[PDB]
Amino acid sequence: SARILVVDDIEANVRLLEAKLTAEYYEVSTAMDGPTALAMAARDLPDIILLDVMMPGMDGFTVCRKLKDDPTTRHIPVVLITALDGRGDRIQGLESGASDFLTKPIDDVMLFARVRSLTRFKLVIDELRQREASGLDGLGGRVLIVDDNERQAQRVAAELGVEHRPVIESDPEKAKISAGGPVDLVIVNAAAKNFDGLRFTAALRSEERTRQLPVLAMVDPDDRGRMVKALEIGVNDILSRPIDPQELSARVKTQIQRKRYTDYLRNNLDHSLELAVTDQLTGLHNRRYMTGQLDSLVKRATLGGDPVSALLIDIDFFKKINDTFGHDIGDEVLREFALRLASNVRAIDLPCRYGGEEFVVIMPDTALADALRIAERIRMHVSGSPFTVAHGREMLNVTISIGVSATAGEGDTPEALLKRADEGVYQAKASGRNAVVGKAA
């Protein structure tokens, strides 16, 4: 279910861990030193890396620094597994970019809960990296604090305050609202006294708008069953009470960093979508592009200047087509119709794919009368000679219903102009169909 790379200088250690992991059905690979481990990671792209710290030559903290400083491996979660228990070493570990730091001998139940947690988050990131494939820092950023322990809430807020923008909130009902705004990370108290920390977190995950929002849980270290539960409901990371400030800073950074990379992918994918100007099926311009143009045209119209007209065209009985002859022939009806349209209207006009079975034509410098004439021309055109696709199907007979509209001086808006044409379409369909109906103020 995941490819895990195990690194450790004592073979007894590697063999043991390998056994436990392959017993839960992971594909395990191994390495006995730093250089080898870097090479394997670069080459094989494991889902997770489990890493000893003390080793001859290159040690785990360097290996781990190097993993994060290379763009290829940067995304791979690292877990340090080490005989070291000192706090100094723990902090050096997390500061150097590790997702967690586990002291030998490890709790198996915990390790698995944690591996499962990391693979669950890695699903969404990996699919985004694929989508981008077809075509950053952790300081600053706003951190909401949901604790009803005033004093402990204040130290967390004090510590974060130096490099971030912390905000406290004890009322959980309000914390659901604030969570919905521009928040980068939520810190929750799992051991709260006036509400259930985990339940509140579950609520955020369940809700669509906040499901990707990172959550960091403060948990009682002597309560394993509740930590496991937290990882299972969807917590990004766990902090033990009492709260180490340095550890806290390091884990917050890490999460805000990974969060920002995932928004960076989501934002690049939206940006590219925004540049795309055509409709793929039909090769006309898309709705987005038309509305952008319609906005500038209508504005210029209202400030005195060229009136603009709009035609809204809806293909009649377009389902019966798709139902009877299948969607493949439906796509052909739309493709042909698109070409008839484009070629029966001047090049300064702007024909586009508005919706599933709807098309819009924008006619600059055109008042309502000319627009009704243009529409009637187009109508007769589709109803006048059959479609090439209906040739051998004695069942097709493609007609359209058209709604026409024109700007009405200052005060008017694109939304009102398209809504007026929708009233036209509506009226054309109630008359019988295959009809043009205009609609003034």
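Note that residue numbering follows the sequence shown and begins at 1.
- Counting the unmodelled positions of the deposited sequence between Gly135 and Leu136 gives a long gap of 10 or more residues.
- Between 300 to 308 and 254 to 262, the higher mean Cα B-factor belongs to 254 to 262.
- In this entry, the higher average B-factor at the C-alpha atoms falls on 126 to 134, of the pair 235 to 243 and 126 to 134.
- Of the residues listed, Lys176, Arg287, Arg340, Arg346, the entry assigns the biggest Cα temperature factor to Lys176.
- Out of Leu269, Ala371, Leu281, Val156, it is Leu269 whose C-alpha atom has the highest B-factor in the PDB entry.
- For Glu24, the recorded CA B-factor ranks within the highest third of the chain. Only modelled residues enter the ranking.
- Among all modelled residues in its chain, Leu294 ranks in the lowest third by Cα B-factor.
- The entry lists a Cα temperature factor for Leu50 that places it in the lowest third of the chain's modelled residues.
- In this PDB entry, the Cα temperature factor of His75 sits in the middle third of its chain's modelled residues.
- In the deposited entry, the Cα temperature factor of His381 places it in the middle third of its chain's modelled residues.
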